[PDB]
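Peer 1: Heads up: the sequence shown runs through residues 678 to 744, 770 to 928, numbered per full-length UniProt numbering.
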Amino acid sequence: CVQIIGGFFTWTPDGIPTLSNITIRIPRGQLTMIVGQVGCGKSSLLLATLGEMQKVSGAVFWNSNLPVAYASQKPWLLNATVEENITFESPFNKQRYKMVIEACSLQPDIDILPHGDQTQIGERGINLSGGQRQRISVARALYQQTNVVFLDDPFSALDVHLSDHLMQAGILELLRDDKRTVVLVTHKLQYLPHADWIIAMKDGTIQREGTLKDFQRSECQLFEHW
């Protein structure tokens, strides 16, 4: 459903766009990775997907501007209970909540929280770690049950075992996704064979998009194996 054609993206509308004539489309149900070095513009690419850059030219269809879930690079938590940080203006369902709590490894966090899910977190509350905050943001997105999910490098702030957790629960999130589109930007090559497509970024531009064989022709797939 998403169509982006020749799209141009900026960090600052006072200057020249950082990304020029970017064209890719995300049909519903696609699994799409976005990869590249730290600072190559992946977060900026997600901002372009959110319409937060300056479009010099081109066509963009996201279906949300017709008369969407988000995982930010830096986690944002409301000053509230952990429970309300999970619900994020939604009704409470406790199978969905149970699945989110288990899937986001939040039982050990709740177990060390003074009031479990009723522990006040965020500003003036319990000081969650950056990884716990990231897992909370992921759980909020999974709980929202949106048709489209944008995950910005979601395992950067988590451990290897937690990366395995995010692997296993993502693999049971896409299955949980009843045909839904899930876009997982990531900096890691560990699970890039296990999604459908990768977008490789460098210097604010897209260098290549394509298959494993395509990325062998890119002479990147071996580097990704490393």
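Note that CB positions come from ideal geometry on N, CA and C, so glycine has one too.
Output yes or no for whether 8 angstroms exceeds the beta carbon distance between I701 and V737.
Peer 2: Within the sequence shown, residue 701 is the residue found at index 24, counting from 1. Within the sequence shown, residue 737 is the residue found at index 60, counting from 1. Against a cut-off of 8 angstroms, the Cβ pair of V737 and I701 comes out as no contact.
Peer 1: Taking 7 angstroms as the limit between beta carbons, can you name the residues of its chain near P690, skipping five residues before and five after?
Peer 2: Along the sequence shown, read from residue 1 onward, the residue named residue 690 stands at position 13. These residues qualify, in order along the chain: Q731.
Peer 1: Mind the definition here: the segment 838-857 touches the segment 877-896 only if three or more C-beta pairs lie below 8 angstroms; say whether that holds.
Peer 2: Result yes; three or more Cβ-Cβ pairs closer than 8 angstroms.
Peer 1: Could you check how far apart the C-beta atoms of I788 and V770 are, in whole angstroms? I think they sit under 8 angstroms.
Peer 2: Position 86 of the sequence shown, counted from the start, is the residue given in the question as residue 788. Position 68 of the sequence shown, counted from the start, is the residue given in the question as residue 770. With 8 angstroms as the limit, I788 and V770 do not qualify as a contact, their Cβ atoms being about 18 angstroms apart.
Peer 1: Can you name the residues that DSSP bridges to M710?
Peer 2: Residue numbering aside, residue 710 sits at position 33 when the sequence shown is read from its first letter. Answer by DSSP bridge pairing, in chain order: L886 and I900.
Peer 1: Output the distance between the C-alpha atoms of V850 and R842, rounded to the nearest integer angstrom.
Peer 2: Taking the sequence shown and counting its residues from 1, the one referred to as residue 850 is at position 148. Taking the sequence shown and counting its residues from 1, the one referred to as residue 842 is at position 140. The alpha-carbon atoms of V850 and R842 are separated by roughly 13 angstroms.
Peer 1: If we ignore side chains and look at the alpha-carbon of each, how far apart do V884 and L815 end up?
Peer 2: Along the sequence shown, one-based indexing puts residue 884 at 182. Along the sequence shown, one-based indexing puts residue 815 at 113. Approximately 31 angstroms, taken between the alpha carbons.
Peer 1: Spell out the partners DSSP gives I701 in its beta bridges.
Peer 2: Looking up residue 701 in the sequence shown gives position 24. Answer by DSSP bridge pairing, in chain order: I681.
Peer 1: The ligand NAD and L874: does the residue's C-beta get closer than 7 angstroms to at least one heavy atom of that ligand?
Peer 2: Annotation note on the ligand NAD: not contained in the displayed structure, which lists no ligands.
Peer 1: In angstroms with no decimal places, state the Cα-to-Cα distance between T695 and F685.
Peer 2: By one-based count along the sequence shown, residue 695 stands at place 18. By one-based count along the sequence shown, residue 685 stands at place 8. When rounded, the distance between both Cα atoms is 8 angstroms.
Peer 1: How is the alpha helix (DSSP H) around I812 delimited, first residue to last?
Peer 2: Translated into positions along the sequence shown, residue 812 becomes position 110. Residues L808 to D813.
Peer 1: Whole angstroms are fine: how far does the CA of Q834 sit from the CA of residue 750?
Peer 2: Here the chain is numbered 744 followed immediately by 770, so the structure offers no position for residue 750.
Peer 1: Quick check on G692: buried or exposed, where buried means 16 or more other Cβ atoms within 10 Å of its Cβ?
Peer 2: The residue labelled residue 692 in the question sits at position 15 within the sequence shown. That one is exposed.
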